[PDB]
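> build the 3D model from these lines:
(one chain, ligands or ions: 2)
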Amino acid sequence: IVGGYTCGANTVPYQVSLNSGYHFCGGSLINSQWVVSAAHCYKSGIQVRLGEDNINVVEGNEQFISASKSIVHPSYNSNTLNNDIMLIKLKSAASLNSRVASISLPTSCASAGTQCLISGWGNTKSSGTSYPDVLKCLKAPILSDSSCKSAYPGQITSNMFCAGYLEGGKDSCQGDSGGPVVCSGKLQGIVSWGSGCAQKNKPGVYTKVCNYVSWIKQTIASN
Ligand SMILES: NC(=[NH2+])c1ccsc1
Ligand SMILES: [Ca+2]
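Residues are numbered from 1 along each chain as shown. Ligands and ions are numbered 1, 2, ... in the order given. Shown next is the protein structure:
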């Protein structure tokens with residue numbers, strides 16, 4: 001997260017870290033058995049880390065649970081990042097508490113201008129590299145589809161939306177992928193891609209979760 005702030009320990013209790021020897025992506029807990037992330041975060045051997053604040057220090061509220069299965073969206077296109085969503089099942093159910101909590105799925109899509117909370121452990125610099133140990137947060141509005149498509153001509157599908165600031169300076173970034181965009185208490189986005197980070201006229205691009213609710217519900221009910 002570039003241009004954000006330190007969230008505070010466990011203030012984003014649905015935020016998970018995906019670990020394969022190291023943190024590599026975020027995700028969102030949607031019930032005690034299932035996490036939503038980005039398809040481009042897929043790999044085998046994922047451990048889900050819940051209740052994290054400092055990802056380099058055991059602080060006492062963590063749960064570390066191996067994935068038993070991953071399901072990449074059937075229409076995921078790795079070239080274009082269309083349908084950049086996957087589901088991860090936990091080998092054992094998480095123990096839900098105030099610091100490890102699920103986030104509700106949308107009952108409809110969110111409007112342009114709605115303010116959202118974006119979070120993760122990704123790079124905090126727009127030029128150069130600095131990774132935080134603690135979770136970072138950014139408040140950012142959903143942008144109009146025209147401003148999104150103008151920024152990324154030929155690259156935006158109806159399964160993507162933009163959020164952030166056209167002036168630059170505030171954005172998600174590498175290492176935040178797969179993590180949440182929460183608006184009005186619902187998981188409306190997944191950190192997906194962008195051009196650099198926090199660059200002018202290049203806002204972040206997010207998977208449009210509201211298009212996937214039926215797929216999510218049916219997939220988790222059958223797996
Ligand atoms: N600029 C962004 N929002 C971004 C997200 C993942 S990699 C870059
Ligand atoms: Ca920790």
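> next, the contact list for the residue nearest the centre of the chain, please.
Central residue of the chain (C-alpha atoms, centre = their mean): residue 179, 1.7 Å from the mean position. For residue 179, the contact set (C-beta atoms under 8 Å, 6 or more residues apart in numbering) comprises 15, 25-28, 37, 118-120, 122, 172, 190-191. For every residue, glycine as well, the C-beta is placed using N, CA and C.
> now the residues you listed as JSON lines including neighbour count?
Formatted as JSON lines, those follow (neighbours: other C-beta atoms under 10 Å):
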{"residue": "15", "neighbour count": "29"}
{"residue": "25", "neighbour count": "28"}
{"residue": "26", "neighbour count": "29"}
{"residue": "27", "neighbour count": "30"}
{"residue": "28", "neighbour count": "25"}
{"residue": "37", "neighbour count": "29"}
{"residue": "118", "neighbour count": "28"}
{"residue": "119", "neighbour count": "25"}
{"residue": "120", "neighbour count": "31"}
{"residue": "122", "neighbour count": "25"}
{"residue": "172", "neighbour count": "34"}
{"residue": "190", "neighbour count": "28"}
{"residue": "191", "neighbour count": "33"}
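> quick one: which of these is nearest residue 144?
Closest to residue 144 out of these is residue 118 (17.6 Å), distances taken as C-beta to C-beta.
> give me the neighbour count for the residue in the chain that ligand 1 sits nearest to.
Minimum separation of the chain from ligand 1 (C-beta to the nearest ligand atom) falls at residue 194, amounting to 2.4 Å. Applying other C-beta atoms under 10 Å, we find 23 residues neighbouring residue 194.
> my read: it touches residue 204, true?
Yes: with contact defined as C-beta atoms under 8 Å, residue 194 counts as touching residue 204 (4.6 Å).
> how far is the top helix by length along the chain from where the chain is centred?
In the chain, ranked by residue count with DSSP state H as the criterion, the top helix is helix 213-221. Helix 213-221 sits 18 Å away from the centroid of its parent chain (C-alpha atoms, centre = their mean, to the nearest Å).
> many thanks, have a good one.
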